[PDB]
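Chemist: Please read through the structure below; I'll follow up with questions.
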Amino acid sequence: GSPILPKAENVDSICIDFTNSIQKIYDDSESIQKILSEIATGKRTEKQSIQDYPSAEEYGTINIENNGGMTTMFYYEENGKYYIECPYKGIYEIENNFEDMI
């Protein structure tokens with residue numbers, strides 16, 4: 001069962017400040033749509049995200065700017081799995097890395 005993302009075609013841009021000093025902006029159709037695949041691969045599971053931030057300290061910063069609003073979110077590795085932040089549906093356990101797949 002996937003996340004409920006915005007559309008692709010209503011995304012104004014997506015900004016990803018990486019963990020390092022570099023940032024990439026996904027403003028092409030193909031750049032956005034690729035993200036909206038691998039960001040939808042994981043399972044937030046039936047848990048409760050009673051949080052609004054990660055508990056890692058090393059992560060990238062993401063803004064999906066869409067319809068002039070955004071979904072802010074953050075991703076990280078913990079204990080050997082990777083994870084994606086969100087409100088009450090943000091415990092997306094994935095078994096693969098984010099940054100190598102973008």
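Ligands are numbered from 1 in the order shown, residues from 1 within each chain, and chains are lettered A, B, ... in the order they appear in the structure tokens.
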Excluding residue 35 of chain A and any residue of its chain fewer than 6 positions from it, enumerate the residues within 9 Å of it, using only C-alpha atoms, and give them as a list in words.

Modeler: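 Close residues of residue 35 of chain A: residues 26, 101 and 102 of chain A.
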
Chemist: If you count only C-alpha atoms, which residues fall within 8 Å of residue 40 of chain A, apart from same-chain ones fewer than 3 positions away, as an MDAnalysis selection string?

Modeler: chainID A and resid 2:3 5 36:37 43

Chemist: Going by DSSP on the backbone, which residues of chain A come out as alpha helix (DSSP H)? List them as a ChimeraX atom specification.

Modeler: /A:29-38

Chemist: Hey, can you spit out that residue selection with N, CA, C and O atoms as a compact mmCIF listing (two decimals), in the first residue's frame?

Modeler:
```
# COMPACT_ATOMS: atom_id res chain seq x y z
N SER A 29 9.40 16.73 -15.71
CA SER A 29 8.48 15.60 -15.58
C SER A 29 9.22 14.33 -15.15
O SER A 29 8.89 13.74 -14.12
N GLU A 30 10.22 13.92 -15.91
CA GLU A 30 10.93 12.67 -15.70
C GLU A 30 11.69 12.68 -14.38
O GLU A 30 11.86 11.62 -13.78
N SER A 31 12.15 13.85 -13.91
CA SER A 31 12.89 13.95 -12.66
C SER A 31 11.93 13.71 -11.49
O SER A 31 12.22 12.90 -10.61
N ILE A 32 10.78 14.38 -11.52
CA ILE A 32 9.71 14.28 -10.54
C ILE A 32 9.16 12.86 -10.53
O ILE A 32 9.10 12.23 -9.47
N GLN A 33 8.74 12.34 -11.69
CA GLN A 33 8.05 11.05 -11.79
C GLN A 33 8.91 9.92 -11.24
O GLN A 33 8.39 9.02 -10.58
N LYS A 34 10.22 9.99 -11.48
CA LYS A 34 11.19 9.04 -10.95
C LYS A 34 11.15 9.04 -9.43
O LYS A 34 11.04 7.96 -8.83
N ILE A 35 11.23 10.22 -8.81
CA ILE A 35 11.10 10.33 -7.37
C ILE A 35 9.77 9.71 -6.94
O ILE A 35 9.77 8.82 -6.09
N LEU A 36 8.63 10.15 -7.50
CA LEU A 36 7.31 9.62 -7.12
C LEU A 36 7.15 8.10 -7.31
O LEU A 36 6.16 7.55 -6.82
N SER A 37 8.07 7.41 -7.99
CA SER A 37 8.14 5.95 -7.98
C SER A 37 8.81 5.49 -6.68
O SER A 37 8.15 4.88 -5.83
N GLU A 38 10.10 5.77 -6.49
CA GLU A 38 10.88 5.22 -5.39
C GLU A 38 10.38 5.76 -4.04
O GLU A 38 10.48 5.08 -3.03
```

Chemist: With a distance cut-off of 12 Å and only C-alpha atoms, select the neighbouring residues of residue 96 of chain A, excluding the residue or stretch itself and same-chain residues fewer than 4 positions from it, and output the selection as an MDAnalysis selection string.

Modeler: chainID A and resid 38:39 41:42 75:78 80:84 92 100:102

Chemist: Could you write those residues out with N, CA, C and O atoms, as a short mmCIF file (atom, residue, chain, number, x, y, z; two decimals), in the first residue's frame?

Modeler:
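Heads up, here's the output in out_38.cif:
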```cif
data_model
loop_
_atom_site.label_atom_id
_atom_site.label_comp_id
_atom_site.auth_asym_id
_atom_site.auth_seq_id
_atom_site.Cartn_x
_atom_site.Cartn_y
_atom_site.Cartn_z
N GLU A 38 10.10 5.77 -6.49
CA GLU A 38 10.88 5.22 -5.39
C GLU A 38 10.38 5.76 -4.04
O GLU A 38 10.48 5.08 -3.03
N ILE A 39 9.77 6.94 -3.99
CA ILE A 39 9.15 7.45 -2.78
C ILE A 39 7.85 6.70 -2.45
O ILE A 39 7.41 6.74 -1.30
N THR A 41 7.54 3.27 -3.14
CA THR A 41 7.91 1.86 -3.02
C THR A 41 7.70 1.34 -1.59
O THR A 41 7.26 0.21 -1.39
N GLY A 42 7.96 2.18 -0.57
CA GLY A 42 8.01 1.78 0.82
C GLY A 42 6.63 1.67 1.43
O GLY A 42 5.63 2.11 0.86
N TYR A 75 14.56 12.05 4.96
CA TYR A 75 14.82 10.58 4.90
C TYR A 75 16.13 10.24 5.62
O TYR A 75 16.97 11.13 5.75
N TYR A 76 16.35 9.00 6.08
CA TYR A 76 17.61 8.59 6.73
C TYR A 76 17.80 7.06 6.68
O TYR A 76 16.92 6.34 6.20
N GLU A 77 18.92 6.56 7.21
CA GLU A 77 19.17 5.15 7.50
C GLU A 77 19.11 4.96 9.02
O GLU A 77 19.61 5.80 9.77
N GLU A 78 18.50 3.87 9.50
CA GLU A 78 18.60 3.46 10.89
C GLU A 78 18.70 1.93 10.95
O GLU A 78 17.91 1.20 10.35
N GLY A 80 20.18 -0.32 9.56
CA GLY A 80 20.45 -1.04 8.32
C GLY A 80 19.27 -1.04 7.33
O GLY A 80 19.37 -1.68 6.28
N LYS A 81 18.16 -0.37 7.64
CA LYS A 81 17.06 -0.06 6.73
C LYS A 81 17.01 1.45 6.56
O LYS A 81 17.46 2.17 7.45
N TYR A 82 16.42 1.93 5.46
CA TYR A 82 16.20 3.35 5.29
C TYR A 82 14.73 3.67 5.56
O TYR A 82 13.87 2.78 5.54
N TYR A 83 14.44 4.94 5.86
CA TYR A 83 13.12 5.38 6.30
C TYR A 83 12.81 6.79 5.78
O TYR A 83 13.73 7.56 5.50
N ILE A 84 11.52 7.12 5.66
CA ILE A 84 11.00 8.39 5.15
C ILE A 84 10.03 8.96 6.19
O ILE A 84 9.05 8.31 6.57
N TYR A 92 7.82 4.97 6.62
CA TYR A 92 8.01 4.17 5.40
C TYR A 92 9.35 3.46 5.49
O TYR A 92 10.38 3.99 5.09
N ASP A 100 20.88 6.79 -4.08
CA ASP A 100 21.50 6.08 -5.20
C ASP A 100 20.49 5.82 -6.33
O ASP A 100 20.85 5.52 -7.47
N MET A 101 19.20 5.92 -6.00
CA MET A 101 18.09 5.56 -6.87
C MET A 101 17.55 6.78 -7.60
O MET A 101 16.86 6.61 -8.61
N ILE A 102 17.85 7.98 -7.13
CA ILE A 102 17.44 9.24 -7.75
C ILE A 102 18.43 9.62 -8.86
O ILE A 102 18.16 10.60 -9.58
#
```

Chemist: Quick one: residues within 9 Å of residue 48 of chain A, only C-alpha atoms, excluding same-chain residues fewer than 5 positions away - as a ChimeraX atom specification?

Modeler: /A:87-91

Chemist: Between atom CA of residue 27 of chain A and atom CA of residue 1 of chain A, measure the distance and give it in Å to one decimal.

Modeler: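 Atom-to-atom, atom CA of residue 27 of chain A to atom CA of residue 1 of chain A, that is 26.3 Å.
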
Chemist: Rank nothing, just name the residue among A:85, A:79, A:63, A:93 nearest to residue 16 of chain A, using only C-alpha atoms.

Modeler: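 Between A:85, A:79, A:63, A:93, the residue approaching residue 16 of chain A most closely is A:63.
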
Chemist: From the list A:25, A:60, A:47, A:53, which residue is nearest residue 11 of chain A when using only C-alpha atoms?

Modeler: A:25

Chemist: From the list A:61, A:55, A:97, A:66, which residue is nearest residue 15 of chain A when using only C-alpha atoms?

Modeler: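 That would be A:61, the residue with the smallest distance to residue 15 of chain A.
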
Chemist: Which of these residues is nearest to residue 4 of chain A, using only C-alpha atoms: A:67, A:98, A:44, A:59?

Modeler: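 Nearest to residue 4 of chain A: A:44.
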
Chemist: Taking only C-alpha atoms into account, name the residue in A:62, A:8, A:70, A:94 that is nearest to residue 24 of chain A.

Modeler: A:62

Chemist: Closest to residue 74 of chain A among A:95, A:46, A:17, A:28, using only C-alpha atoms?

Modeler: A:17

Chemist: Do you have the atom CA of residue 56 of chain A-atom CA of residue 86 of chain A distance handy?

Modeler: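 Answer for the atom CA of residue 56 of chain A to atom CA of residue 86 of chain A separation: 14.0 Å.
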